[PDB]
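Worksheet for the structure shown next.
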């Protein structure tokens, strides 16, 4: 509902990211947070999705080992973790509560990518 | 084709009932379960509740739910909203419509809405 | 497949991040879906091809995102520049335009 | 003899048990196709309902079932929260007994105990003044479906004048894009509704 | 400006009521004519742009027409809800936004 995200994240060509996503005033456990990568101009690249219940994750083959979506279930702050950062990899992503694949099952359910992350404007500028 | 002539436009005052009539315009009422539109003044829409004279008991308006005594007497060429215990909340343009379950096998162009005229109630 | 500009009367004053749902129906990839701004009574501009994406003509102040059926144009600090009429398109599936969500004023 | 003493300490078994899919249906963006009633099996729990009572006017809080209280307190396995969209004339039919047009073709409810079905109009939320034609429902599906099923089965209508597929001319849609407008009655306003 | 007025200004008509609503300005508008209608208790709605070609929304009932000095926003067939005050802004190719007076199409 606010899904508080990080900002102009300063990573490097050969660093790993811990993007923030404060799972906002919703019952965190009963949902799943998807993500898309808004590569500048490239609409949004399908990032993946964390099941806020169990952590079932449909990553992106693009970022197979790169994107490794994790979360601080305690302080409810989503951490969609991508290694392989670089200037060409410096592109903003967002959170999204995945109601397409309704959580708890990793299975397609009614609804869209639900309420969204603030925005992680990853500045890996070189 | 069909017009669903409605009564008029007058104000009604608290405690009492507001009478309006969706009147029969040349047959084409029997299936045509005369439900009832409310159209809250300018804040929002509403459905006054209507009666189900199609061979059974009546549905009541969700919004008011208990003193919406919506009777409608189709053979008499009159409909009614029959809202006993009115206060002020009305202030609206209650329409008579051919609400979704009200098409004929004729007049499919006036499909599932043959609206009325409207009735300005207020205090 | 249909599109739904939810905040038909989104009233956020300039200088404040807002959110404008144009809210599709399918899980359409924005590879087709887009946005088209029209002056309030003129022909649509190429607003957001890619439906989140900023091209040449669009300033930074215009913001937005979205996927699936809940496209939320999370507009950033506003301007009268951003007070035209924006119509989120769907290049997918027989293009149904948008009809609604302007950003309004006091 | 001698003793009494009061001071109530009622430190409780749980600590931080997961709430429920509650505040996820009460607060979802996109509900299901109406006949595919998005019943789930609401999850393990702390479904301590009070987040129920807080909400702004529901316009349908009338607990279709046991009293609108005691749900937080009582402990049932799951209340199978269903999720679907309607428009008011269909919403009128969403109640125990109360069989009518949509609980006469599409969405029926049993004798009682439909959890605490909480309807509300979604004017700003499911239809734009373009008169949205989005969410498909089934009038003339075949007949009224039996109390409280899940109807991803959207069996087509027996419309006669033809043996081949029953459908009268051809394709008698139990696929009715809800086809409403923000300028109708709320009987025909967008309606997103939570069921239990 | 052409300082937009409409001339018929108060065409009274119920359901159907073969309609003529025309935003004849002071002088000629060409293809620079908005035709407005306001939905009460809400924000305005611009149905038609120059002389014709209704927006997606506010259905065909309110139908734009007329190309000359007077551009005719006739209704083919209204219904009780089409009570809407027919003022008319004029999109001037550099913004001037001169709206109208209100040619409300009524019901009893």
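List of remarks:
- Here C:10, A:85 are placed in order of increasing Cβ neighbour count within 10 Å, fewest first, which gives C:10, A:85.
- Label-to-label distance, residue E:9 versus residue A:42, with points set 7 angstrom from Cα along the beta-carbon direction: 6.1 nm.
- Sequence ranges B:53-62, A:88-97, ranked by mean other-Cβ count within 10 angstrom, highest first: A:88-97, B:53-62
- Within 10 Å of the Cβ of each residue in A:26-38, the mean number of Cβ atoms contributed by other protein chains is 5.
- Note on residue D:4 and residue C:79: their simple-model spin labels are 7.6 nm apart, each label 7 Å out from Cα toward Cβ.
- Protection-proxy order for peptides B:8-17, C:25-34, each taking the mean of Cβ atoms within 10 Å per residue, highest first: C:25-34, B:8-17
- Residues B:70, C:105, D:156, sorted so that the one with the fewest Cβ neighbours within 10 Å comes first: C:105, D:156, B:70
- Of D:70, D:62, the sequence from fewest to most neighbouring Cβ atoms within 10 angstrom is D:70, D:62.
- Rounded if a/c under 1.5, otherwise prolate or oblate - the stretch D:27-143, Cα gyration tensor axes: prolate
- A crude spin-label estimate for the pair residue A:4 and residue C:60, with each label 7 Å from Cα along the Cβ direction, gives 2.4 nm.
- Shielding value for A:43-50 is 3, the average number of Cβ atoms from other chains within 10 Å of each residue's Cβ.
- Average Cα contact separation per residue, chain D, under 8 Å, 6 or more apart, as relative contact order %: 26
- Shielding by partners - mean other protein chain Cβ count within 10 Å, residues of D:117-129: 4
- Tensor-based shape of the protein assembly as shown (alpha-carbon gyration tensor, a/c under 1.5 rounded, otherwise prolate or oblate): oblate
- For the stretch A:2-124: rounded, prolate or oblate by the Cα gyration tensor [a/c cutoff 1.5]: prolate
FYI, it's all coordinate maths here, none of it is from the lab. Here the Cβ is made from the backbone with ideal geometry for all residues, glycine too, and neighbour counts use every protein chain on show.
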